[PDB]
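Visitor: One structure coming up, written as structure tokens, with questions to follow.
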Amino acid sequence: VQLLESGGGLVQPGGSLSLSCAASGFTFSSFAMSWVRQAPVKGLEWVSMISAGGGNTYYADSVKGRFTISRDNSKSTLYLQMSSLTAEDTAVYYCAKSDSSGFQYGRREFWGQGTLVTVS
Amino acid sequence: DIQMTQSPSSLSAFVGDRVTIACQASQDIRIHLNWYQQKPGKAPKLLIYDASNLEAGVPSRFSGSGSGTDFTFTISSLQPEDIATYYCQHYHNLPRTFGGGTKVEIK
Amino acid sequence: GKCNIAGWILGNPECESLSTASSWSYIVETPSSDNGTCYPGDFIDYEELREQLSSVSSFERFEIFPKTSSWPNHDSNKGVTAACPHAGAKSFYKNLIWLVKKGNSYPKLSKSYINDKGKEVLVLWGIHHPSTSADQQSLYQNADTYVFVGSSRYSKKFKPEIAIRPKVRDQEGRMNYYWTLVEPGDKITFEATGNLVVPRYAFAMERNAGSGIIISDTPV
Amino acid sequence: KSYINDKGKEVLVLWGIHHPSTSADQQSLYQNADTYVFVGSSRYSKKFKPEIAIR
Amino acid sequence: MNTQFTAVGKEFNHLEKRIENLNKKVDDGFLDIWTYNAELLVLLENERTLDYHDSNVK
Ligand SMILES: *[C@@H]1O[C@H](CO)[C@@H](O[C@@H]2O[C@H](CO)[C@@H](O)[C@H](O)[C@H]2NC(C)=O)[C@H](O)[C@H]1NC(C)=O
């Protein structure tokens, strides 16, 4: 399969940056999706996840209250609204397929190659 | 939250030598582990799932084992292709958490 | 939509377009809900399964025995049929894998799953009954086979019936469907020397007491 | 053997299976020591096996 | 007339005709009882209602 991250770049603190991920080779609407954060200091962190039908979400406490995660299955697309950005959010972001629909059962088998978000 | 502790953070060995790493959980997580291999410039590849099930396309050199709070990973006799940072991940509960990463160098 | 419950739960190729609900209050099928089992056979305890799924508090699907890593000694790609076509291609049920001999052998199969995550797990599987011994040699190699499935509350040994049957959807043979609920904390095992169709996907769930099924063209 | 119901009404077919008390009957009535019976239709399929026992 | 949450329909296969028929028997008995009692309740109360009104003006 393929997952392709889009959006990214250099922004100043405050404001927001919008990321998205395009899915191909699978029935996107059948799977839960998530975002993973790869910081230069902390090897692998986690940001947020959404259930296959979009009914439920879960956020890292570190982004909870700021970030919004959403999806549109008819477009095979995952979105992340990186609101209220800070310097600490600089990282490579990756989208991934969980191989389950409900968060509790699963395996994060396939990750896209990511995009870089820099805040400065 | 359950935080994985990975050790050593850096490992080196010569080709053909036997390489192992260890990782521990702060809570009993049964066998809910996913071991990853990150080659420079790439998203990490999942190599072992459910602590010991070798993933498709991953050579027999790789193997995992353990339960509860103490898990291991081996790459058997080390080959040049295996330079990577290896990571712990578990999915016992939410949030899913990662280990620090072990850098494996070959020489 | 146009699918019935058997179609939906087994993964009839034409039910692929349906979304997955996390919960529901009742099930609605149309009077024209014709897409069910596409490979003819006996769906066992179908009515009880329909009742259990009628009202669900929580439901999720997960891959249970990954297609590419669970059966390195069996062929998971040749298990297709004209009875379940998809866009003109031979295909098969989306939630099942029909394993056939690899090369010229069918090594004894032994697999298990432990439900240690807390919800009840619904596992479905099926058994193939060839029309001739010539199919048994082409698909399983072993001439004398058996299938065994079990859990703490289930145990059954099955044996294939090779016979020429009237053709249904051009098939001279049949494939039966079986299912069970694996309680949290339990284990389900499979063993076979041939003729077993193994689950690929399984469902985790919680039943909301029970409701009912409406057959209607009245829109939602 | 087979029959095709192409005349329009539902057809009720009955049959039975013999279970000998001894192998000596199996040799007298059927000759074949190891036998089976199979019956089917688009909605029916069953393989039967005899039970030889003294009842 | 306080009811609870129920699901009326039941499904049976072709070798369960006797059970489906029992289910019908159950539905039919309840239907006849309610239809009849409801008709009597309406007819009886309508007469009593009209007498009540006649009483108050008397
Ligand atoms: C999905 O349902 C349709 C409708 O019943 C099936 O199409 C029929 O297939 C039979 C057998 O080949 C034909 O004789 C009919 O004429 C077809 N009906 C129509 C309207 O074209 C279809 O095969 C089902 N697909 C699956 C995978 O079950």
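Here, A, B, ... name the chains of the structure tokens in the order displayed, residue numbers run from 1 inside each chain, and ligands are numbered from 1 in the same displayed order.
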From the DSSP assignment of the backbone, select every residue of range 9-104 of chain B that is strand (DSSP E or B), and format the answer as a ChimeraX atom specification.

Guide: /B:10-13,18-24,33-38,45-49,53-54,63-67,70-77,84-87,89-90,97-98,102-104

Visitor: Once you count only C-alpha atoms and all ligand atoms, which residues end up within 9 Å of ligand 1, and could you hand them over as a list in words?

Guide: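 Counting only what the definition allows, namely only C-alpha atoms and all ligand atoms, the set is residues 2, 3, 7, 12, 13, 14, 15, 32, 33, 34, 35, 36, 37, 38, 39, 83, 84, 85, 86, 91, 92, 93, 168, 169 and 170 of chain C.
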
Visitor: Excluding same-chain residues fewer than 2 positions from range 37-45 of chain D, what lies within 9 Å of it counting only C-alpha atoms, as number ranges by chain?

Guide: C: 40-42, 161, 163-168, 174; D: 17, 35, 47-50

Visitor: Residues at most 7 Å from residue 112 in chain A, counting only C-alpha atoms, excluding those fewer than 3 positions away in the same chain, as a PyMOL selection string?

Guide: (chain A and resi 2-5+94-96) or (chain B and resi 43)

Visitor: Could you write those residues out with C-alpha atoms, as a PDB file, in the first residue's frame?

Guide:
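Result file follows (out-v3.pdb):
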```pdb
ATOM      1  CA  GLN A   2       0.929   3.752   0.079  1.00  0.00           C
ATOM      2  CA  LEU A   3       0.382   6.603   2.469  1.00  0.00           C
ATOM      3  CA  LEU A   4       1.551   9.982   1.356  1.00  0.00           C
ATOM      4  CA  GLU A   5       1.961  12.897   3.684  1.00  0.00           C
ATOM      5  CA  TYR A  94       4.115  10.383   9.887  1.00  0.00           C
ATOM      6  CA  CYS A  95       0.600   8.971   9.129  1.00  0.00           C
ATOM      7  CA  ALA A  96      -0.070   5.278   9.694  1.00  0.00           C
TER       8      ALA A  96
ATOM      9  CA  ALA B  43      10.132   5.570   8.345  1.00  0.00           C
TER      10      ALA B  43
END
```

Visitor: Residue 88 in chain B: which residues within 7 Å, counting only C-alpha atoms, same-chain residues fewer than 2 positions away excluded, as a count of residues only?

Guide: 8

Visitor: List the neighbours of range 12-23 of chain E out to 12 Å using only C-alpha atoms; skip same-chain residues closer than 3 positions along the sequence, and give me the result as a ChimeraX atom specification.

Guide: /C:43-48,50-51 /D:43 /E:8-9,26-30

Visitor: Print the selection's residues with N, CA and C atoms to a file, as a tab-separated table (two decimals), in the first residue's frame.

Guide:
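As written to disk, selection_39.tsv reads:
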```
chain	number	residue	atom	x	y	z
C	43	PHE	N	-24.76	-22.23	6.07
C	43	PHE	CA	-24.26	-21.28	7.07
C	43	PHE	C	-24.93	-21.74	8.36
C	44	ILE	N	-24.13	-22.28	9.24
C	44	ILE	CA	-24.59	-22.91	10.46
C	44	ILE	C	-24.90	-21.95	11.57
C	45	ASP	N	-26.06	-22.14	12.19
C	45	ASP	CA	-26.52	-21.30	13.28
C	45	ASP	C	-26.56	-19.85	12.84
C	46	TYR	N	-27.05	-19.65	11.63
C	46	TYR	CA	-27.15	-18.35	11.03
C	46	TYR	C	-28.13	-17.49	11.78
C	47	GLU	N	-29.25	-18.07	12.17
C	47	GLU	CA	-30.26	-17.30	12.86
C	47	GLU	C	-29.77	-16.82	14.23
C	48	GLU	N	-29.02	-17.66	14.95
C	48	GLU	CA	-28.49	-17.23	16.24
C	48	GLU	C	-27.46	-16.13	16.05
C	50	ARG	N	-27.43	-13.91	13.67
C	50	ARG	CA	-28.17	-12.71	13.31
C	50	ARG	C	-28.77	-12.06	14.55
C	51	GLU	N	-29.24	-12.88	15.49
C	51	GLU	CA	-29.81	-12.34	16.72
C	51	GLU	C	-28.73	-11.65	17.56
D	43	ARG	N	-30.26	-27.47	-1.82
D	43	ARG	CA	-30.37	-27.06	-0.44
D	43	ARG	C	-30.11	-28.21	0.51
E	8	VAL	N	-40.21	-7.53	18.60
E	8	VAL	CA	-41.25	-8.48	18.28
E	8	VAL	C	-40.84	-9.55	17.29
E	9	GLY	N	-40.17	-9.16	16.22
E	9	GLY	CA	-39.88	-10.12	15.18
E	9	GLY	C	-38.90	-11.16	15.64
E	26	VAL	N	-48.52	-16.99	19.72
E	26	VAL	CA	-48.33	-16.03	20.78
E	26	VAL	C	-48.77	-14.64	20.32
E	27	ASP	N	-48.35	-14.23	19.12
E	27	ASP	CA	-48.73	-12.92	18.61
E	27	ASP	C	-50.22	-12.78	18.41
E	28	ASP	N	-50.86	-13.85	17.97
E	28	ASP	CA	-52.27	-13.82	17.68
E	28	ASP	C	-53.08	-13.75	18.94
E	29	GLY	N	-52.68	-14.49	19.96
E	29	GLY	CA	-53.44	-14.44	21.18
E	29	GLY	C	-53.36	-13.05	21.78
E	30	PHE	N	-52.17	-12.46	21.79
E	30	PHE	CA	-52.03	-11.14	22.37
E	30	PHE	C	-52.80	-10.12	21.56
```

Visitor: So that I can check the surroundings of residue 70 in chain A, please list as a PDB file with N, CA, C and O atoms, in the first residue's frame every protein, DNA and RNA residue that reaches within 8 Å of it, counting only C-alpha atoms and ignoring chain neighbours fewer than 5 positions away.

Guide:
```
ATOM      1  N   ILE A  50      -7.589   8.541  15.183  1.00  0.00           N
ATOM      2  CA  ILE A  50      -9.022   8.573  14.881  1.00  0.00           C
ATOM      3  C   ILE A  50      -9.558   7.196  14.440  1.00  0.00           C
ATOM      4  O   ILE A  50      -8.905   6.482  13.666  1.00  0.00           O
ATOM      5  N   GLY A  54     -14.585   7.680  12.122  1.00  0.00           N
ATOM      6  CA  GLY A  54     -14.416   9.048  12.594  1.00  0.00           C
ATOM      7  C   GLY A  54     -15.165   9.353  13.889  1.00  0.00           C
ATOM      8  O   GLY A  54     -15.129  10.475  14.389  1.00  0.00           O
ATOM      9  N   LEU A  78      -6.856  11.582   5.398  1.00  0.00           N
ATOM     10  CA  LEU A  78      -6.650  11.882   6.809  1.00  0.00           C
ATOM     11  C   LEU A  78      -6.150  13.317   6.973  1.00  0.00           C
ATOM     12  O   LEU A  78      -5.276  13.750   6.222  1.00  0.00           O
ATOM     13  N   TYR A  79      -6.670  14.057   7.960  1.00  0.00           N
ATOM     14  CA  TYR A  79      -6.228  15.433   8.203  1.00  0.00           C
ATOM     15  C   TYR A  79      -5.780  15.682   9.646  1.00  0.00           C
ATOM     16  O   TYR A  79      -6.329  15.109  10.594  1.00  0.00           O
ATOM     17  N   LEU A  80      -4.823  16.594   9.819  1.00  0.00           N
ATOM     18  CA  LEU A  80      -4.419  17.041  11.149  1.00  0.00           C
ATOM     19  C   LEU A  80      -4.281  18.558  11.184  1.00  0.00           C
ATOM     20  O   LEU A  80      -3.524  19.159  10.411  1.00  0.00           O
TER      21      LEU A  80
END
```

Visitor: Check which residues of chain B sit at most 9 Å from chain C using only C-alpha atoms, and return one row each with the closest pair of atoms and their distance in Å to one decimal, ordered by chain and rising number, as JSON lines.

Guide:
```
{"residue": "B:30", "atom": "CA", "partner": "C:116", "partner_atom": "CA", "distance": 8.6}
{"residue": "B:53", "atom": "CA", "partner": "C:69", "partner_atom": "CA", "distance": 8.4}
{"residue": "B:54", "atom": "CA", "partner": "C:69", "partner_atom": "CA", "distance": 7.6}
{"residue": "B:55", "atom": "CA", "partner": "C:69", "partner_atom": "CA", "distance": 5.8}
{"residue": "B:56", "atom": "CA", "partner": "C:69", "partner_atom": "CA", "distance": 4.8}
{"residue": "B:57", "atom": "CA", "partner": "C:69", "partner_atom": "CA", "distance": 8.3}
{"residue": "B:92", "atom": "CA", "partner": "C:117", "partner_atom": "CA", "distance": 8.3}
```

Visitor: Residues of chain C within 6 Å of chain A, using only C-alpha atoms, as number ranges by chain?

Guide: C: 60-62

Visitor: Once you have the residues from the selection above, write them out as a compact mmCIF listing (two decimals), in the first residue's frame, restricted to N, CA and C atoms.

Guide:
```
# COMPACT_ATOMS: atom_id res chain seq x y z
N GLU C 60 -15.78 -3.71 16.50
CA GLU C 60 -14.62 -3.33 15.72
C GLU C 60 -14.05 -4.53 15.00
N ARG C 61 -13.44 -4.31 13.85
CA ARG C 61 -12.83 -5.42 13.15
C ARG C 61 -11.34 -5.32 13.31
N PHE C 62 -10.67 -6.45 13.40
CA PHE C 62 -9.22 -6.43 13.42
C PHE C 62 -8.66 -7.59 12.63
```

Visitor: Near chain B, which residues of chain A fall within 12 Å when you count only C-alpha atoms, and what do they look like as a PDB file with N, CA, C and O atoms, in the first residue's frame?

Guide:
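Okay, this is what ended up in out_38.pdb:
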```pdb
ATOM      1  N   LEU A   3       0.907   5.501   1.699  1.00  0.00           N
ATOM      2  CA  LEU A   3       0.382   6.603   2.469  1.00  0.00           C
ATOM      3  C   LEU A   3       1.274   7.764   2.182  1.00  0.00           C
ATOM      4  O   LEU A   3       2.491   7.655   2.369  1.00  0.00           O
ATOM      5  N   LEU A   4       0.711   8.854   1.691  1.00  0.00           N
ATOM      6  CA  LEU A   4       1.551   9.982   1.356  1.00  0.00           C
ATOM      7  C   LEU A   4       1.205  11.233   2.116  1.00  0.00           C
ATOM      8  O   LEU A   4       0.119  11.800   1.946  1.00  0.00           O
ATOM      9  N   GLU A   5       2.146  11.683   2.927  1.00  0.00           N
ATOM     10  CA  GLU A   5       1.961  12.897   3.684  1.00  0.00           C
ATOM     11  C   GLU A   5       2.063  14.102   2.770  1.00  0.00           C
ATOM     12  O   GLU A   5       2.861  14.116   1.830  1.00  0.00           O
ATOM     13  N   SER A  34      -3.629   7.032  12.408  1.00  0.00           N
ATOM     14  CA  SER A  34      -2.953   7.863  13.404  1.00  0.00           C
ATOM     15  C   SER A  34      -1.743   8.637  12.915  1.00  0.00           C
ATOM     16  O   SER A  34      -1.205   8.374  11.835  1.00  0.00           O
ATOM     17  N   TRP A  35      -1.342   9.641  13.718  1.00  0.00           N
ATOM     18  CA  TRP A  35      -0.136  10.422  13.475  1.00  0.00           C
ATOM     19  C   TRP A  35       0.891  10.183  14.581  1.00  0.00           C
ATOM     20  O   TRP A  35       0.568  10.255  15.780  1.00  0.00           O
ATOM     21  N   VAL A  36       2.140  10.020  14.145  1.00  0.00           N
ATOM     22  CA  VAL A  36       3.332   9.764  14.953  1.00  0.00           C
ATOM     23  C   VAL A  36       4.330  10.909  14.787  1.00  0.00           C
ATOM     24  O   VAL A  36       4.498  11.449  13.693  1.00  0.00           O
ATOM     25  N   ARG A  37       4.957  11.317  15.884  1.00  0.00           N
ATOM     26  CA  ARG A  37       5.899  12.427  15.860  1.00  0.00           C
ATOM     27  C   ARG A  37       7.358  12.013  16.052  1.00  0.00           C
ATOM     28  O   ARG A  37       7.725  11.449  17.072  1.00  0.00           O
ATOM     29  N   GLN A  38       8.226  12.320  15.104  1.00  0.00           N
ATOM     30  CA  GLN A  38       9.634  11.971  15.286  1.00  0.00           C
ATOM     31  C   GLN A  38      10.495  13.188  15.545  1.00  0.00           C
ATOM     32  O   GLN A  38      10.862  13.929  14.625  1.00  0.00           O
ATOM     33  N   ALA A  39      10.797  13.417  16.809  1.00  0.00           N
ATOM     34  CA  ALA A  39      11.552  14.581  17.208  1.00  0.00           C
ATOM     35  C   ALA A  39      13.041  14.281  17.036  1.00  0.00           C
ATOM     36  O   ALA A  39      13.433  13.121  17.001  1.00  0.00           O
ATOM     37  N   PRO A  40      13.899  15.295  16.854  1.00  0.00           N
ATOM     38  CA  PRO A  40      15.348  15.168  16.802  1.00  0.00           C
ATOM     39  C   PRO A  40      15.986  14.758  18.132  1.00  0.00           C
ATOM     40  O   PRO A  40      17.137  14.329  18.162  1.00  0.00           O
ATOM     41  N   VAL A  41      15.253  14.926  19.230  1.00  0.00           N
ATOM     42  CA  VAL A  41      15.766  14.584  20.548  1.00  0.00           C
ATOM     43  C   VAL A  41      15.077  13.343  21.093  1.00  0.00           C
ATOM     44  O   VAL A  41      15.738  12.400  21.530  1.00  0.00           O
ATOM     45  N   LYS A  42      13.749  13.354  21.096  1.00  0.00           N
ATOM     46  CA  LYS A  42      12.990  12.204  21.542  1.00  0.00           C
ATOM     47  C   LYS A  42      12.675  11.391  20.300  1.00  0.00           C
ATOM     48  O   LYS A  42      11.868  11.818  19.484  1.00  0.00           O
ATOM     49  N   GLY A  43      13.270  10.207  20.186  1.00  0.00           N
ATOM     50  CA  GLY A  43      13.176   9.395  18.978  1.00  0.00           C
ATOM     51  C   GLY A  43      11.767   9.257  18.437  1.00  0.00           C
ATOM     52  O   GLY A  43      11.500   9.692  17.330  1.00  0.00           O
ATOM     53  N   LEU A  44      10.870   8.619  19.166  1.00  0.00           N
ATOM     54  CA  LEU A  44       9.508   8.508  18.656  1.00  0.00           C
ATOM     55  C   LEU A  44       8.467   8.830  19.708  1.00  0.00           C
ATOM     56  O   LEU A  44       8.409   8.208  20.766  1.00  0.00           O
ATOM     57  N   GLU A  45       7.629   9.789  19.380  1.00  0.00           N
ATOM     58  CA  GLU A  45       6.543  10.271  20.202  1.00  0.00           C
ATOM     59  C   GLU A  45       5.245   9.957  19.470  1.00  0.00           C
ATOM     60  O   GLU A  45       5.257   9.471  18.342  1.00  0.00           O
ATOM     61  N   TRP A  46       4.121  10.277  20.046  1.00  0.00           N
ATOM     62  CA  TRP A  46       2.860  10.049  19.371  1.00  0.00           C
ATOM     63  C   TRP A  46       1.940  11.249  19.483  1.00  0.00           C
ATOM     64  O   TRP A  46       1.995  11.976  20.471  1.00  0.00           O
ATOM     65  N   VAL A  47       1.130  11.507  18.451  1.00  0.00           N
ATOM     66  CA  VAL A  47       0.286  12.682  18.496  1.00  0.00           C
ATOM     67  C   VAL A  47      -1.194  12.420  18.646  1.00  0.00           C
ATOM     68  O   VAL A  47      -1.809  12.906  19.599  1.00  0.00           O
ATOM     69  N   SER A  48      -1.784  11.719  17.695  1.00  0.00           N
ATOM     70  CA  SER A  48      -3.233  11.536  17.751  1.00  0.00           C
ATOM     71  C   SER A  48      -3.728  10.375  16.915  1.00  0.00           C
ATOM     72  O   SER A  48      -3.065   9.925  15.978  1.00  0.00           O
ATOM     73  N   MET A  49      -4.926   9.892  17.231  1.00  0.00           N
ATOM     74  CA  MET A  49      -5.551   8.849  16.430  1.00  0.00           C
ATOM     75  C   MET A  49      -7.057   9.010  16.311  1.00  0.00           C
ATOM     76  O   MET A  49      -7.724   9.537  17.207  1.00  0.00           O
ATOM     77  N   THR A  57     -11.909   9.896  18.799  1.00  0.00           N
ATOM     78  CA  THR A  57     -10.525  10.294  18.708  1.00  0.00           C
ATOM     79  C   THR A  57      -9.832  10.159  20.035  1.00  0.00           C
ATOM     80  O   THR A  57     -10.467  10.177  21.091  1.00  0.00           O
ATOM     81  N   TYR A  58      -8.523  10.110  19.970  1.00  0.00           N
ATOM     82  CA  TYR A  58      -7.673  10.093  21.136  1.00  0.00           C
ATOM     83  C   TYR A  58      -6.441  10.948  20.886  1.00  0.00           C
ATOM     84  O   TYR A  58      -5.812  10.865  19.828  1.00  0.00           O
ATOM     85  N   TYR A  59      -6.096  11.794  21.850  1.00  0.00           N
ATOM     86  CA  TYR A  59      -4.955  12.687  21.693  1.00  0.00           C
ATOM     87  C   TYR A  59      -3.925  12.552  22.783  1.00  0.00           C
ATOM     88  O   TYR A  59      -4.267  12.333  23.947  1.00  0.00           O
ATOM     89  N   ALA A  60      -2.673  12.806  22.430  1.00  0.00           N
ATOM     90  CA  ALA A  60      -1.620  12.907  23.418  1.00  0.00           C
ATOM     91  C   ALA A  60      -1.965  14.074  24.304  1.00  0.00           C
ATOM     92  O   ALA A  60      -2.506  15.071  23.826  1.00  0.00           O
ATOM     93  N   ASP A  61      -1.629  14.000  25.580  1.00  0.00           N
ATOM     94  CA  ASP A  61      -1.946  15.077  26.499  1.00  0.00           C
ATOM     95  C   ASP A  61      -1.242  16.349  26.091  1.00  0.00           C
ATOM     96  O   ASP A  61      -1.760  17.452  26.256  1.00  0.00           O
ATOM     97  N   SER A  62      -0.093  16.171  25.469  1.00  0.00           N
ATOM     98  CA  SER A  62       0.743  17.234  24.969  1.00  0.00           C
ATOM     99  C   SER A  62       0.145  18.014  23.791  1.00  0.00           C
ATOM    100  O   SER A  62       0.625  19.111  23.491  1.00  0.00           O
ATOM    101  N   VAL A  92       9.387  15.420  12.487  1.00  0.00           N
ATOM    102  CA  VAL A  92       8.900  14.802  11.268  1.00  0.00           C
ATOM    103  C   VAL A  92       7.608  14.089  11.608  1.00  0.00           C
ATOM    104  O   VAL A  92       7.539  13.327  12.564  1.00  0.00           O
ATOM    105  N   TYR A  93       6.571  14.351  10.864  1.00  0.00           N
ATOM    106  CA  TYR A  93       5.302  13.725  11.155  1.00  0.00           C
ATOM    107  C   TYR A  93       5.025  12.626  10.184  1.00  0.00           C
ATOM    108  O   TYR A  93       5.282  12.765   8.989  1.00  0.00           O
ATOM    109  N   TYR A  94       4.483  11.532  10.700  1.00  0.00           N
ATOM    110  CA  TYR A  94       4.115  10.383   9.887  1.00  0.00           C
ATOM    111  C   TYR A  94       2.656   9.997  10.118  1.00  0.00           C
ATOM    112  O   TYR A  94       2.203  10.021  11.263  1.00  0.00           O
ATOM    113  N   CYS A  95       1.953   9.540   9.062  1.00  0.00           N
ATOM    114  CA  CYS A  95       0.600   8.971   9.129  1.00  0.00           C
ATOM    115  C   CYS A  95       0.749   7.448   9.077  1.00  0.00           C
ATOM    116  O   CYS A  95       1.651   6.908   8.415  1.00  0.00           O
ATOM    117  N   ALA A  96      -0.152   6.731   9.745  1.00  0.00           N
ATOM    118  CA  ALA A  96      -0.070   5.278   9.694  1.00  0.00           C
ATOM    119  C   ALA A  96      -1.400   4.547   9.837  1.00  0.00           C
ATOM    120  O   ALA A  96      -2.348   5.007  10.486  1.00  0.00           O
ATOM    121  N   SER A  98      -3.469   1.352  11.193  1.00  0.00           N
ATOM    122  CA  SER A  98      -3.506   0.519  12.411  1.00  0.00           C
ATOM    123  C   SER A  98      -3.984  -0.928  12.249  1.00  0.00           C
ATOM    124  O   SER A  98      -3.971  -1.707  13.206  1.00  0.00           O
ATOM    125  N   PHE A 103      -9.212   1.164  17.648  1.00  0.00           N
ATOM    126  CA  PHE A 103      -8.127   1.558  18.576  1.00  0.00           C
ATOM    127  C   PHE A 103      -7.614   0.467  19.516  1.00  0.00           C
ATOM    128  O   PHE A 103      -6.403   0.340  19.704  1.00  0.00           O
ATOM    129  N   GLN A 104      -8.520  -0.253  20.175  1.00  0.00           N
ATOM    130  CA  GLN A 104      -8.134  -1.249  21.176  1.00  0.00           C
ATOM    131  C   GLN A 104      -7.443  -2.479  20.616  1.00  0.00           C
ATOM    132  O   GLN A 104      -6.432  -2.902  21.164  1.00  0.00           O
ATOM    133  N   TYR A 105      -7.932  -3.048  19.528  1.00  0.00           N
ATOM    134  CA  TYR A 105      -7.251  -4.200  18.932  1.00  0.00           C
ATOM    135  C   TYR A 105      -6.452  -3.620  17.782  1.00  0.00           C
ATOM    136  O   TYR A 105      -6.949  -2.684  17.173  1.00  0.00           O
ATOM    137  N   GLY A 106      -5.245  -4.125  17.457  1.00  0.00           N
ATOM    138  CA  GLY A 106      -4.529  -3.569  16.285  1.00  0.00           C
ATOM    139  C   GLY A 106      -2.997  -3.723  16.261  1.00  0.00           C
ATOM    140  O   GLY A 106      -2.401  -4.354  17.132  1.00  0.00           O
ATOM    141  N   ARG A 107      -2.394  -3.186  15.186  1.00  0.00           N
ATOM    142  CA  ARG A 107      -0.954  -3.189  14.869  1.00  0.00           C
ATOM    143  C   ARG A 107      -0.626  -2.047  13.890  1.00  0.00           C
ATOM    144  O   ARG A 107      -1.101  -2.072  12.761  1.00  0.00           O
ATOM    145  N   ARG A 108       0.281  -1.122  14.236  1.00  0.00           N
ATOM    146  CA  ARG A 108       0.604  -0.010  13.314  1.00  0.00           C
ATOM    147  C   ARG A 108       1.599  -0.447  12.270  1.00  0.00           C
ATOM    148  O   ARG A 108       2.762  -0.024  12.285  1.00  0.00           O
ATOM    149  N   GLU A 109       1.119  -1.286  11.378  1.00  0.00           N
ATOM    150  CA  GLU A 109       1.894  -1.922  10.339  1.00  0.00           C
ATOM    151  C   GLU A 109       2.498  -0.995   9.321  1.00  0.00           C
ATOM    152  O   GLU A 109       3.634  -1.206   8.897  1.00  0.00           O
ATOM    153  N   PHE A 110       1.737  -0.007   8.860  1.00  0.00           N
ATOM    154  CA  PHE A 110       2.276   0.750   7.739  1.00  0.00           C
ATOM    155  C   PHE A 110       2.265   2.237   7.905  1.00  0.00           C
ATOM    156  O   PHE A 110       1.225   2.865   8.109  1.00  0.00           O
ATOM    157  N   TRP A 111       3.455   2.810   7.799  1.00  0.00           N
ATOM    158  CA  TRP A 111       3.650   4.235   7.962  1.00  0.00           C
ATOM    159  C   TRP A 111       4.038   4.850   6.625  1.00  0.00           C
ATOM    160  O   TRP A 111       4.749   4.222   5.836  1.00  0.00           O
ATOM    161  N   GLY A 112       3.666   6.099   6.414  1.00  0.00           N
ATOM    162  CA  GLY A 112       4.094   6.812   5.217  1.00  0.00           C
ATOM    163  C   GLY A 112       5.529   7.245   5.470  1.00  0.00           C
ATOM    164  O   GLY A 112       6.103   6.846   6.476  1.00  0.00           O
ATOM    165  N   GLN A 113       6.151   8.024   4.576  1.00  0.00           N
ATOM    166  CA  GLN A 113       7.550   8.361   4.836  1.00  0.00           C
ATOM    167  C   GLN A 113       7.717   9.675   5.567  1.00  0.00           C
ATOM    168  O   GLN A 113       8.820  10.037   5.976  1.00  0.00           O
ATOM    169  N   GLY A 114       6.621  10.361   5.766  1.00  0.00           N
ATOM    170  CA  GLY A 114       6.591  11.562   6.565  1.00  0.00           C
ATOM    171  C   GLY A 114       6.878  12.866   5.869  1.00  0.00           C
ATOM    172  O   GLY A 114       7.291  12.923   4.707  1.00  0.00           O
ATOM    173  N   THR A 115       6.670  13.921   6.641  1.00  0.00           N
ATOM    174  CA  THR A 115       6.876  15.307   6.246  1.00  0.00           C
ATOM    175  C   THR A 115       7.502  16.087   7.382  1.00  0.00           C
ATOM    176  O   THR A 115       7.328  15.739   8.546  1.00  0.00           O
TER     177      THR A 115
END
```

Visitor: As a count of residues only, which residues of range 78-179 of chain C does DSSP assign to helix (DSSP H, G or I)?

Guide: 7

Visitor: Which is closest to residue 69 in chain A among A:18, A:6, A:90, A:12, if we use only C-alpha atoms?

Guide: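 The closest residue to residue 69 in chain A is A:18.
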
Visitor: Residues of chain C within 8 Å of chain E, using only C-alpha atoms, as a PyMOL selection string?

Guide: chain C and resi 47+210-213

Visitor: How would the residues just chosen look if you wrote them out with N, CA and C atoms as a PDB file, in the first residue's frame?

Guide:
```
ATOM      1  N   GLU C  47     -29.252 -18.066  12.171  1.00  0.00           N
ATOM      2  CA  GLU C  47     -30.263 -17.298  12.860  1.00  0.00           C
ATOM      3  C   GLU C  47     -29.767 -16.817  14.227  1.00  0.00           C
ATOM      4  N   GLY C 210     -30.263  -6.921  22.893  1.00  0.00           N
ATOM      5  CA  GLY C 210     -30.896  -7.371  21.664  1.00  0.00           C
ATOM      6  C   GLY C 210     -32.114  -6.541  21.260  1.00  0.00           C
ATOM      7  N   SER C 211     -32.238  -6.388  19.954  1.00  0.00           N
ATOM      8  CA  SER C 211     -33.292  -5.706  19.221  1.00  0.00           C
ATOM      9  C   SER C 211     -33.604  -6.722  18.162  1.00  0.00           C
ATOM     10  N   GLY C 212     -33.522  -6.252  16.939  1.00  0.00           N
ATOM     11  CA  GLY C 212     -34.435  -6.777  15.966  1.00  0.00           C
ATOM     12  C   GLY C 212     -33.914  -6.405  14.596  1.00  0.00           C
ATOM     13  N   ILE C 213     -34.506  -7.007  13.582  1.00  0.00           N
ATOM     14  CA  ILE C 213     -34.100  -6.749  12.225  1.00  0.00           C
ATOM     15  C   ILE C 213     -35.319  -6.314  11.423  1.00  0.00           C
TER      16      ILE C 213
END
```

Visitor: What is the distance, in Å and to one decimal place, between CA of residue 155 in chain C and CA of residue 143 in chain C?

Guide: 23.5 Å

Visitor: To one decimal place in Å, what is the distance between CA of residue 81 in chain A and CA of residue 22 in chain A?

Guide: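 Separating CA of residue 81 in chain A from CA of residue 22 in chain A is a distance of 15.2 Å.
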